[PDB]
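Structure first, commentary second.
There are 6 protein chains.
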Amino acid sequence: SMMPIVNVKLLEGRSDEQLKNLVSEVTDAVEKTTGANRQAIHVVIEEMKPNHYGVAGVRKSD
Amino acid sequence: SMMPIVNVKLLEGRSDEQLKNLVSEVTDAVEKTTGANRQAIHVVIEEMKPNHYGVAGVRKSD
Amino acid sequence: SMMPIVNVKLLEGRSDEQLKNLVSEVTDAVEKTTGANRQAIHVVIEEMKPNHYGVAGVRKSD
Amino acid sequence: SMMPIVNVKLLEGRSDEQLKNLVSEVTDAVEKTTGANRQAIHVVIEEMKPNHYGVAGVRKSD
Amino acid sequence: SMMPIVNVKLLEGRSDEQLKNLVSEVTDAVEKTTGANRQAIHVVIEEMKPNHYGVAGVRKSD
Amino acid sequence: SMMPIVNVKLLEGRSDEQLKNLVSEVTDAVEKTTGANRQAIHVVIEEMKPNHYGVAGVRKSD
Ligand SMILES: [Zn+2]
Ligand SMILES: [Zn+2]
Ligand SMILES: [Zn+2]
Ligand SMILES: [Zn+2]
Ligand SMILES: [Zn+2]
Ligand SMILES: [Zn+2]
Ligand SMILES: [Zn+2]
Ligand SMILES: [Zn+2]
Ligand SMILES: [Zn+2]
Ligand SMILES: [Zn+2]
Ligand SMILES: [Zn+2]
Numbered sequence: 000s001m002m003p004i005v006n007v008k009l010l011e012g013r014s015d016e017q018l019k020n021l022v023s024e025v026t027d028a029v030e031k032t033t034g035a036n037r038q039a040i041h042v043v044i045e046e047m048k049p050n051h052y053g054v055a056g057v058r059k060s061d
Numbered sequence: 000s001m002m003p004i005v006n007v008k009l010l011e012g013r014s015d016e017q018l019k020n021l022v023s024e025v026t027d028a029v030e031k032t033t034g035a036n037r038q039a040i041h042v043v044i045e046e047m048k049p050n051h052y053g054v055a056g057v058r059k060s061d
Numbered sequence: 000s001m002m003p004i005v006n007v008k009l010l011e012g013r014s015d016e017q018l019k020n021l022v023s024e025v026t027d028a029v030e031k032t033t034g035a036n037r038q039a040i041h042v043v044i045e046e047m048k049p050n051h052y053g054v055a056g057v058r059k060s061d
Numbered sequence: 000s001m002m003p004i005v006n007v008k009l010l011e012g013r014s015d016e017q018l019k020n021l022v023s024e025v026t027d028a029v030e031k032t033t034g035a036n037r038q039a040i041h042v043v044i045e046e047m048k049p050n051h052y053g054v055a056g057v058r059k060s061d
Numbered sequence: 000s001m002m003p004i005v006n007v008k009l010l011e012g013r014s015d016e017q018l019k020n021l022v023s024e025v026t027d028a029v030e031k032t033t034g035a036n037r038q039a040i041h042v043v044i045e046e047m048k049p050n051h052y053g054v055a056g057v058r059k060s061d
Numbered sequence: 000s001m002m003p004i005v006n007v008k009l010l011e012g013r014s015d016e017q018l019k020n021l022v023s024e025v026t027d028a029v030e031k032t033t034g035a036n037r038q039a040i041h042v043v044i045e046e047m048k049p050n051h052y053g054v055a056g057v058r059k060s061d
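Chains as they are written, first to last, in the authors' numbering: chain A, 0 to 61; chain B, 0 to 61; chain A', 0 to 61; chain B', 0 to 61; chain A'', 0 to 61; chain B'', 0 to 61. A prime marks a further copy of an entry chain.
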């Protein structure tokens, strides 16, 4: 049985409602595309400071 | 800038078409709920092997 | 050689002693079941706020 | 609610029986040391390939 | 196409310049050794408190 | 103590020699920029499968 575990890393400062909706809608997405039982779908959100991530070697804070 | 990175761990056995849809729909969910620019949303699917995970100390899903 | 790396995500607010014991006992568990050298077993704990995770699309804070 | 999620990265090559025991014993360790409800404790084992990891810049364990 | 995603867990308290340089130099390392396009290389830094990690069952704080 | 743990997710298809170099060079980068003792720097390479990841909702790199 599928037990999806979703980790979402994104920029800090999201509203509680944005977080709430992200968890629900990401769960919907996983459920409908894979057929996983909804009760087996887990979501964790990790917020990041802009000085802790980047692309092409340049941090978002810079 | 937002740069969401989504990791999805799930049991091996979905088709490439299902995983294509999973990428699209997780991206839709992140874009809708956080306002992140679509071009900055990344999704990685990691496939778990049978017998390599569990809940409640047993090799089953929830 | 096995080099186990363990990541434990759990609800924030654990006592320092609970954390201490978790690291030791999880290490014991990995060592005894896999035969890994104890010196090669690494544990990281990531504490989560209840508004940053959920199951079945519902956050623990809700 | 607690919802521990434990990820264990370790070298490929353990038997399914050893990995079954690993799931059980990591679950026991988490339950004992944190008080988390057993039904909410999840363990995922990710197998590392030979030559795909290292310590001290060399492809060896500690 | 390669889309490298790098996660660096390390002890908290790094200077902003150390972080900046880590992101740039790790990106250089990935680029030169794999041939990945620099624009596809992503780095996330997760800082850890010494009471949240250990090796051989002993936390750095202890 | 520092104990950096670096995870690198990248598309399957590099040679073992390239991955050896990746481990060495990521280690060099971490050592240079943070001052971490080399013996405490760990690198794990996780290979993503084709069609198992994307950016902008499509199965392509940036
Ligand atoms: Zn449903
Ligand atoms: Zn994390
Ligand atoms: Zn797959
Ligand atoms: Zn669960
Ligand atoms: Zn021992
Ligand atoms: Zn993984
Ligand atoms: Zn295995
Ligand atoms: Zn080590
Ligand atoms: Zn370049
Ligand atoms: Zn490989
Ligand atoms: Zn990108």
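For every residue, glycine included, the Cβ atom is placed at its ideal position computed from N, Cα and C.
Leaving aside the five residues that flank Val-43(A) on each side, the residues in its chain whose CB is nearer than 8 Å to its CB run, in chain order, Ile-4, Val-5, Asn-6 and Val-7. Shortest Cα-Cα distance from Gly-34(B) to any of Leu-10(A), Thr-26(A), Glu-45(A) and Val-29(A) involves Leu-10(A). Residues of the same chain with their beta carbon placed closer than 8 Å to that of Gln-17(A') are lacking, with the five preceding and five following residues left out of the count. By DSSP's assignment, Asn-6(A'') forms a beta bridge with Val-43(A'') and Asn-6(B''). By the criterion of at least three beta-carbon pairs nearer than 8 Å, the stretch 24-41 of chain A' is in contact with the stretch 41-56 of chain A''. Against chain B', the beta carbon of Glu-24(A') has neighbours under 7 Å at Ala-28, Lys-31 and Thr-32, listed in chain order. Taking a beta-carbon distance threshold of 8 Å, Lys-59(B) does not count as an interface residue toward chain B'. Of the candidates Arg-13(A), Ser-0(A) and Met-2(A), the residue whose Cα lies closest to the Cα of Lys-48(A) is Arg-13(A).
DSSP, read as helix, strand or coil, puts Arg-37(B) in helix. For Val-54(B'), the enclosing beta strand (DSSP E) has its first and last residue at 52-54.
Within 10 angstroms of the beta-carbon of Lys-59(B') lie fewer than 16 other beta-carbons, which makes it exposed. Note on geometry: alpha-carbon atoms of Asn-36(B) and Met-1(A) lie some 30 Å from one another.
Residue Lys-31(A) holds the alpha-carbon nearest to the alpha-carbon of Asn-20(B) among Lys-31(A), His-51(A), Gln-38(A) and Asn-50(A). Chain A' has no Cβ within less than 8 Å of the Cβ of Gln-17(A). Residue contact check for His-41(B) against chain B'': a CB pair falls below 8 Å.
The beta carbon of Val-22(B) sits closer than 6 Å to the beta carbons of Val-42 from its chain, once the five residues preceding and following it are set aside; these are given in chain order. Only residues of its own chain outside the window of five on either side were considered, and among them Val-54 have a CB closer than 6 Å to the CB of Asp-61(B), listed in chain order.
Straight through space, the alpha carbons of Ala-39(A') and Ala-39(B'') are spaced by roughly 11 Å. Among the residues of chain A'', none has a CB under 8 Å from the CB of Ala-55(B''); the nearest is roughly 11 Å distant.
For the C-beta of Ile-4(A), the chain B' residues within less than 9 Å are, from N- to C-terminus, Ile-4, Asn-6, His-41 and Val-43. Under DSSP, no beta-bridge partner is assigned to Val-22(B). Annotation for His-51(B'') indicates a beta carbon at 7 Å or more from all heavy atoms of ligand 11.
Taking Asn-50(A) as the centre and dropping the five residues before and after it, the same chain places the C-beta of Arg-58 and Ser-60 closer than 7 Å to its C-beta, in chain order. For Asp-15(B'') and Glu-45(B''), the gap between their C-alpha atoms comes out near 13 Å. Under a criterion of Cβ atoms nearer than 9 Å, the residues of chain A' adjacent to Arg-13(B') are, in order, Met-1, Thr-32, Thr-33 and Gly-34.
In this structure, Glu-11(B'') has its beta carbon less than 7 Å from a heavy atom of ligand 10.
Summarising the contact set, residues whose Cβ lies nearer than 7 Å to any heavy atom of ligand 9 are, in chain order, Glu-30(A'') and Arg-37(A'').
For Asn-50(A''), the nearest beta carbon of chain A' is closer than 8 Å to its own beta carbon.
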